[PDB]
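# Per-entry structural report
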Amino acid sequence: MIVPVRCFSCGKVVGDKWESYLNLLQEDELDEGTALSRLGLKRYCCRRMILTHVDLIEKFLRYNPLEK
Amino acid sequence: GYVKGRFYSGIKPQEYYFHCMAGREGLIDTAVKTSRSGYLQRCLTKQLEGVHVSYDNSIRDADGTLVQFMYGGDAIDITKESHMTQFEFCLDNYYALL
Amino acid sequence: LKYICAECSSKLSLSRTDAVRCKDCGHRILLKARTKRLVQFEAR
Amino acid sequence: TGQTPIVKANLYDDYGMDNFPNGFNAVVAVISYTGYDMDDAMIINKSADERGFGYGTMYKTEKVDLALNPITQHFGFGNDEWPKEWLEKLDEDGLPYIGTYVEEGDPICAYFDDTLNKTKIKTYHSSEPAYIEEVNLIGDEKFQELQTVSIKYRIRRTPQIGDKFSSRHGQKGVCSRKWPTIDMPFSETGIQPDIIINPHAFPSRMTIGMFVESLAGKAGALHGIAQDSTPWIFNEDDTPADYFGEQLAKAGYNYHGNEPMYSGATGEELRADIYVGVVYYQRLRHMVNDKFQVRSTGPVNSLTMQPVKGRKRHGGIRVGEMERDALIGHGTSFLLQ
Amino acid sequence: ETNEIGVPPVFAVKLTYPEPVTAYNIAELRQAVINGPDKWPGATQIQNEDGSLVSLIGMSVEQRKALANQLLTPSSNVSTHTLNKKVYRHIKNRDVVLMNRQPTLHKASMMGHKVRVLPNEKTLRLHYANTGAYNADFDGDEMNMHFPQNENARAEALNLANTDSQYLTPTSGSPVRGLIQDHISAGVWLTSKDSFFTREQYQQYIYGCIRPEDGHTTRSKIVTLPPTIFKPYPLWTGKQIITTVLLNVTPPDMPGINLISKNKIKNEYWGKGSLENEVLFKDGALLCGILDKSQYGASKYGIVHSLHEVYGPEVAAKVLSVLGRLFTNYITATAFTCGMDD
Amino acid sequence: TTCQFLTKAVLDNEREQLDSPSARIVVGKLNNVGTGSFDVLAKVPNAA
Amino acid sequence: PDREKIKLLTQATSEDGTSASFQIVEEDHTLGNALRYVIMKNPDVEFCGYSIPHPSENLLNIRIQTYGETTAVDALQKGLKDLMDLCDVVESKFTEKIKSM
Amino acid sequence: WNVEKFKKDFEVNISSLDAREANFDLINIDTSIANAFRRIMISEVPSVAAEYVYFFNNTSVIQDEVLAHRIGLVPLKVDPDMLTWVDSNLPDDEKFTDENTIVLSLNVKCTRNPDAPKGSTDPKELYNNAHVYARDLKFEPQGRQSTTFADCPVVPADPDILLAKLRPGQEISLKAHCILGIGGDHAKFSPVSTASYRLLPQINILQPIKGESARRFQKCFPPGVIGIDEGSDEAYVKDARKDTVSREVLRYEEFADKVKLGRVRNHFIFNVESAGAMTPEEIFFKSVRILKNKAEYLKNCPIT
Amino acid sequence: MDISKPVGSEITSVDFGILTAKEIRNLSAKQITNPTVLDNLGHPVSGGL
Amino acid sequence: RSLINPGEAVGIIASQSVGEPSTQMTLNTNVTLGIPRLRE
Amino acid sequence: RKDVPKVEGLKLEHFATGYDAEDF
Ligand SMILES: [Zn+2]
Ligand SMILES: [Zn+2]
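Rules and cut-offs
- Residues numbered from 1 in each chain as written, not as in the entry; some residues may be left out.
- Chains lettered and ligands numbered in written order.
- Part of a larger assembly, values for the part shown.
- Heavy atoms only, no water.
- Contact = heavy atoms within 4.5 Å.
- Donors = N, O, S within 2.8 Å, 3.2 Å for Na, K, Ca; no water.
- Tetrahedral: all angles 85-135°; square planar, octahedral: opposite > 155°, others 65-115°.
- Buried < 20%, exposed > 50% of the residue type's maximum accessible area, 1.4 Å probe, protein only.
- Helix = DSSP H or I, 4+ residues; strand = E, 2+ residues; numbered from the N terminus.
- Core = buried A, V, L, I, M, F, W, Y, C linked by side-chain atoms within 4.5 Å.
- Polar contact = N/O pair within 3.5 Å; in protein donor to acceptor, adjacent residues only side chain to side chain.
- Patch = residues over 30% accessible without salt bridge, like charges linked within 9 Å, V, L, I, M, F, W, Y side chains within 5 Å.
- Areas by Shrake-Rupley, 256 points an atom, 1.4 Å probe, with all protein chains shown as cover.
- Salt bridge = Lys/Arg side-chain N within 4 Å of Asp/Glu carboxyl O.
- Pairing = 2+ DSSP bridges.
- Expected span 1.5 Å × (residues − 1).
- Buried area = accessible area lost by both parts, 1.4 Å probe.
- Nonpolar A, V, L, I, M, F, W, Y, C, P; charged D, E, K, R; others polar.
- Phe/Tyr/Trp six-rings, centres within 6.5 Å; stacked < 30°, edge-to-face > 60°.
- Axes fitted to C-alpha atoms, helices over the stretch in contact; angles between N-to-C directions.
- Parallel < 35°, antiparallel > 145°, perpendicular 65-115°, else oblique.

X-ray crystallography is the method the PDB entry lists for this structure, together with a resolution of 5.5000 Å.

Take a look at the structure:
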């Protein structure tokens, strides 16, 4: 649903570099490729994961049955 | 509808369309016109079931009634046949066959 | 305290043949919350 | 889990398909190895599956209300001495606790029948358990004492050997083995393939377009790009095989997308640096019966004695008019008997 | 093996055959009864001499343990003294089972298979070569499984209508059991002149498929072939591999098979002087040529069938199974791709 | 025509001598086929 | 000591011993590959190799044939042990370079 | 052949060493054995992971089983040599003690922050503890633990592993059981962020390639891969340990006959990452010893 | 069926014929005349179906 | 030795060798041909 | 017809095992 924990093909942790990736494409305006680089995603598999995330969770969070 | 293109390189929209008329075919024909032989088989079996080869080499029904006096007119099995006349591959391996 | 309105989100409790409804909205739509309970799960 | 396809169809963004994902960029294996992947079948890495590969969930919703009529059907517990062991799978209000595990037979709801003086229960009747999610109960238009209620049920559907999977290229294949990540052939680069599809599912299929997606996907990721794949952007001149085959060369990998590989078991480089890449794959819904159903012995019939259909009631398997013949043919009067 | 059928755990434990209790089996049926209905191998119930059933259901060690040793008890009733008890054992690999896939059109769509248990499977498992019969496909397709219920039945399903008893169809006289996909592509690749092997590999492959504790030993010792290439490097060719398999299998009393056949690969693609179009078996040896769908598929006068007439269905049918492993083996060691270059 | 053919048997007082396979399947008698064309006998000694 | 960890399949084993096959549980190619290569370094092993009857049952089959000096048993040992006697050497050569780096 | 003729000749070099990984080569060994080492360092070297996880309550969006599955993946920084295994014969109360397992929980309630810069999108200032990280994972020591793991507390290797998200009113709390195990089971145990080797390519040029054919052949491979000679002008190999096996050279015709890409079947280029639990050199030690042991266990088993 | 309950008795031939009022009124265990089947509590009505 | 065994219900067997191939005649390539021609 | 335009700045994003990126 949200950032997958480890990688899919090696296990290398990945669920962390989400918040920094966004900050890389946002503040530093780096491209998709170089941002995935300095973030520690070398093999494509790992890169894959992040490059194509869908933080769709935040789409749900707007349906909180605990408020007006 | 001639294909001046190929699957590797790329076919054109014109070609592609006509192509659809084609792949839809074999699927409009084997699907819109499915008539099962569920009767054909039962038509035969259920009448010919009891037909068999007795111990006298004759081919009768179950009630004794006779249909033939021998299977193929020679009474040969349809499977023990394969190399019954492969005389070549026969005299080869003779000693094995025998 | 075992219930919550699905509309106005006001936590409430029903009695014996009480108003099958929110005592605030009147939106006769309801849901019971999750009570601090336990289930057995493993990471697989 | 869900992702934006590396190989896109530009018109994807315009139609806004990101707000409603559907696939998952997958690492793909163009190879015959295990030899369990023939007949258009396919192979999934175990360590991926557990790692979370395309894990899905099912949701069923059931309504209760004994309004089959002057009311008499009240939810909760009556004073009569009911069983007791209903006080675990269920709260005191007659509605179950949220996130409770329940399989066929388990209690779902508790109500008193004033004309029956016995507090009874509707149970769960699916050949497979679940955990509770929702708690739906509504009154009528004002007092009309509770009658109508429902709820939702979470049902784990971990990718099991058997469900269907196919990219967007008419490549339907069923899973035959969930191969251990240790027996999988690993790459020069050090990558255990996510999916394995057999090259013998291609010549009589002609779906070259996948082959494209491959190098197409691999690159774009390596460089950080969405590869545009809207129909007819290339023509006989400038062909994908080149355009992308370059991006791969300019990235550092072999031209036609060839990658050196080793046999997880033997451990020596194989023969040809088998060519592989990445594809947007899709998980096909449990569109399978799967549900085997055996039949030692159980339910029959009053007028015939022969067991009746079922699957969920252990129904015997039919020996129809066709198989009747088959046996007849061989000459097995006993097997018939 | 081809003549085999994969048996999923969740089944065998529920399917039971009524075996007569005597001395020869007593050793067994005992043990089983102990293991009860939930541990394979075993049983779920006992029929005494009066016909009454005994569900070892909610039973544990003891109760079973006892009821066990009571297999060889006399008769309280002088009427039924001739009878002995019958244990309802789990279906073991020694048994036979009937497999079928509707619609059953020809007799090949309903055959019998040797039993073999596979722990950890959520579905039946079937060798490929069979696809020709039942008309299989492995794409969401189901089959029926029937269990014999009296020794008279089993007999038929083991010697009249089993698996190999139908190598040739009634329709004309052609095979229905050969190979497919990986197999074809693999086979040949290994048989080309371009295939070379050293001692290590030679032997390794040979055993990786041969299996001596299998059903084909022929001599309690695995034979070998002198290396075609001696010095400087001792090597053996693919074409010898076959020959090696050929000898350790065909009855060690019958002369090696001799055949005159061709494949589906013009002398062309091979290059100048190549005769790899023609296949020449002589004396249980692959002298020249490559092996093709024409050879180990469903093709008359192909080496398979050839073996059939000479050495019978079994020797043959097996050969196949054993190859299907060697083949899938050679593949897992070298692989077979297809890229843009193709 | 299950019903009519039936009338053909009653109105003829026919004797269905349970021969044809179809006729046996109803009664459950072993069929004329192969393993049902011959019989079985026990060569038992001590009878004189 | 354990007993089911290793069993000899008596069927394809002569009476002399220079031919025999064994079934091992709880062990795959990992061991089979390494070991088989070791057995082949014994000048009396005329035949060796390892078979996995099926990947669904953690089984490993080894066949070893000999000329006649030693029988299946021995060969297995000479290798079984020589194995550990080798990986041990690895651990040292690697240890010293870890310590000096 | 002799084990001695082997120890004398066999050799190993260490390329790069680090806390998270290292590079190195094993030379003169056979590919069968190396490979063995492989399957090991991934599937048989123990480590710590979370197995059973009991839900005290969960009212976030992330459904239960999912939640569980997850953390059961999080990397665990605990020397797996400090814990004992688990006997899968004893019932649940005798199966889980102190020196047996490891206990961890996590209790977060989230609420709205009325102090938000009235005009903020970010959920950190609008909401209190909306995001849940791996640093949120709480270690609850049990008896024999308050002294055992007193020096090295338990902490996820990667703290900012984003765990759960939620808006106000939501909460999570549920301790979970955690033991040891290996990759061959459930990859959660795999103590590596992968590790594998690769046969060292051998590039051998047939005839001298001088002149311009030097800069044109040199630029057909990764950098420094092909250095140009001085005076001679002819190229040569610098370090075959830099080749990506692009096979590039084999595209431009002139060279499609001047060389040959091959292998050196005794030279293995090893690289091994790490989840964080066990440092590399270690994960190697165990593996080698792992095989050594598996064997001896056989030397001492009698036959049936 | 079991391998220990055989019987050597078997029908050889089958015939079809009409039922005379005789055989009928003789073999019949009971005559039926009443429409209803059950009383006022759930029991077989005399002469009922 | 290549004879046919007394018993075989060649009848039934033949009904199969007919009904099974008549499934390849689903499509179309003067006279009557295929499925119908058999009806007649 | 415009050719399918290659996006620019294609760099080496791959090297041998156990190697950095600074080699170039
Ligand atoms: Zn990865
Ligand atoms: Zn309300």
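That covers the picture; the talk isn't over yet.
Here we come to the arrangement of the chains. With 24 pairs of chains in contact overall, the contact-richest pair is chains D and E. Nothing in chain I touches chain J, and the closest approach of their C-alpha atoms is 22 Å. Nothing in chain C touches chain K, and the closest approach of their C-alpha atoms is 32 Å.

On to the coordination of the zinc ion (ligand 1). All names here are of chain A. The protein atoms that coordinate the zinc ion (ligand 1) are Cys7 (SG), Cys10 (SG), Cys45 (SG) and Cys46 (SG), at distances spanning 2.3 to 2.4 Å. Viewed at the metal, the four donor atoms of the zinc ion (ligand 1) are separated by angles of 87 to 132 degrees, and the geometry they form is tetrahedral. Mapping the donors of the zinc ion (ligand 1) onto the primary sequence yields the spacing C-x2-C-x34-C-C. You'll find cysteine 45 and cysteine 46 in the same group, each marked buried.

Our focus in this paragraph is the coordination of the zinc ion (ligand 2). All names here are of chain C. For the zinc ion (ligand 2), every protein donor is listed as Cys5 (SG), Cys8 (SG), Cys22 (SG) and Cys25 (SG), and the spread of their distances is 2.2 to 2.3 Å. Considered as a linear motif, the donors of the zinc ion (ligand 2) on their single chain read C-x2-C-x13-C-x2-C. You can see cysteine 8 sitting in the loop between β1 (3-5) and β2 (11-12) and its partner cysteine 25 sitting in the loop between β2 and β3 (29-32), a full 17 residues away along the chain. Exposure remark for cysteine 8: the relative accessible area of 26% places this residue in the partly exposed category.

Let us look at the side chain of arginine 116 of chain E. By the secondary structure assignment, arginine 116 of chain E is in strand β7 (residues 110-117). Not counting the four nearest positions on each side in its chain, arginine 116 of chain E is found in contact with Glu4, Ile5, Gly6, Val7, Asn93 and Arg211 of chain E together with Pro53, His54 and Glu57 of chain G.

Residues and elements named next belong to chain E. Each neighbour pair has its own omega, and for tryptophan 40 with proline 41 the value is 0 degrees, a cis peptide bond. Positionally, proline 41 belongs in the loop between α2 (23-35) and β3 (43-47). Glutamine 102 connects to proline 103 through a cis peptide bond whose omega is 0 degrees. Relative to the assigned elements, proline 103 resides in the loop between β6 (96-100) and β7.

A word on the nonpolar core. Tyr21 and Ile50 of chain A together with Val30, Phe53, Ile195, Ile274 and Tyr281 of chain D are the most contacted members of the largest nonpolar core, which totals 73 residues. Sort the elements by how many residues they give to this core and helix α3 (residues 209-223) of chain D lands first, with seven residues. When sequence neighbours within four positions are dropped, the list of residues in contact with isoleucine 274 of chain D reads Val30, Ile31, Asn258, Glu259 and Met261 of chain D together with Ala335 and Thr337 of chain E. Residues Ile182 of chain D, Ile6 and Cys87 of chain G together with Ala36 of chain H belong to the second largest nonpolar core, which totals 62 residues.

On the basis of relative accessible area, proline 41 of chain E is assigned to the partly exposed category, the value being 31%. A sequence separation of 80 residues divides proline 41 of chain E from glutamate 121 of chain E, and the C-alpha atoms of the two residues are 17 Å apart.

A few words on the side chain of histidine 216 of chain E. Residue and element names in this part refer to chain E. By the secondary structure assignment, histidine 216 is in the loop between α7 (199-210) and β10 (235-237). Within the structure, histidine 216 has its side chain in polar contact with the backbone oxygen of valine 249 (distance 2.6 Å). Leave out the neighbours within four places in its chain, and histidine 216 touches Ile210, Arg211, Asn248, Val249, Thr250, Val315 and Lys318.

Turning to a nonpolar patch on the surface, a few remarks are in order. Judged by side-chain polarity, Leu91, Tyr94, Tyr95 and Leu98 of chain B come together as a nonpolar surface patch covering roughly 570 Å² of accessible area. Tracing the chain through its elements places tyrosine 95 of chain B in helix α5 (residues 94-97).

Time to look at the sheet that holds strand β3 (residues 66-68) of chain B. Whenever strands of a sheet pair, they do so through backbone hydrogen bonds, lying parallel or antiparallel. Residues and elements named next belong to chain B. Strands sit in the order β1-β2-β3 across an open sheet of three strands; the sheet is antiparallel. Each of the sheet's edge strands pairs with one partner strand only, and the pair in question is β1 (52-53) and β3. Both strand β2 (residues 59-60) and β3 contribute to a ladder of two bridges, which runs antiparallel. Counted as the bridge partner of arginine 60 is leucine 66 from β3.

Residue and element names in this part refer to chain D. Taking 1.5 Å per residue as the helical rise, α3 with its 15 residues ought to reach 21 Å, and the 21 Å between its terminal C-alpha atoms agrees with that figure. Among the 15 residues of α3, 13 are classified as buried, and the element is accordingly described as predominantly covered. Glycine 224 sits one or two residues past α3 and shows a positive phi near 90 degrees.

Looking now at the interface of chain D and chain E. With 57 residues of chain D at the interface, the matching set in chain E holds 47 residues. When the buried surface of chain D facing chain E is broken down by residue, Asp39, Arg271 and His330 of chain D rank first, second and third, together holding 17% of it. One can count one salt bridge joining chain D with chain E. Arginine 177 of chain D serves as the salt-bridge partner of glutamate 121 of chain E, at 4.0 Å between the closest nitrogen and oxygen. Here chain D is connected to chain E by 15 residue pairs in polar contact. The residue inventory of the side of chain D that touches chain E, partitioned by class, reads 27 nonpolar, 18 polar and twelve charged.

Summed over the entire model, instances satisfying the criterion amount to 43 aromatic pairs over all chains. Ring centres of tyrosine 17 of chain E and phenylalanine 147 of chain E lie 6.0 Å apart, and the angle between their planes is 50 degrees; on these two criteria the pair is classed as tilted. Placement of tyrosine 17 of chain E in strand β2 (residues 16-20) and of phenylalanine 147 of chain E in the loop between β8 (144-146) and α5 (151-159) is noted, with a sequence separation of 130 residues between them. Of the residues examined, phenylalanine 147 of chain E reaches a relative accessible area of 15% and is grouped as buried. For the ring pair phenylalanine 37 of chain H and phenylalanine 284 of chain H, a centre distance of 5.8 Å and an interplane angle of 50 degrees mean the geometry is tilted.

All names here are of chain E. In space, the three strands of this open sheet follow the order β11-β12-β13, with antiparallel pairing throughout. Here the strands that pair on one side only, and so sit at the sheet edges, are β11 (259-262) and β13 (286-288). Between one strand axis and the next, the sheet turns by 25 degrees as a mean value, whatever way the strands run. Where β11 meets strand β12 (residues 278-281), four bridges bridge the pair, whose relative direction is antiparallel. Across the sheet, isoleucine 260 pairs through a bridge with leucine 280, a residue of β12.

The next thing to look at is the pairing of β7 of chain E. Regular strands place their side chains on alternate faces of the sheet. Residues and elements named next belong to chain E. For β7, the buried fraction is high: seven of the eight residues fall into the buried class. Summarising the sheet, strand β1 (residues 4-7) and β7 pair through four bridges and their orientation is parallel. Bridge pairing in β7 links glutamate 4 to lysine 114. Relative to β7, β6 runs antiparallel, the two sharing five bridges. Within β7, the residue paired with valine 96 across the bridge is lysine 114.

It is worth spelling out the packing of helix α1 (residues 13-23) of chain B against helix α2 (residues 25-32) of chain B at this point. All names here are of chain B. Put simply, α1 and α2 touch, their axes get as near as 4 Å, and they point 20 degrees apart. One way to sum up the angle between α1 and α2 is to call them roughly parallel. Note on element contacts: α2 touches α1 through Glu25, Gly26 and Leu27, opposite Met21, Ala22 and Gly23. A per-class count over the contact of α1 with α2 returns three nonpolar, two polar and one charged.

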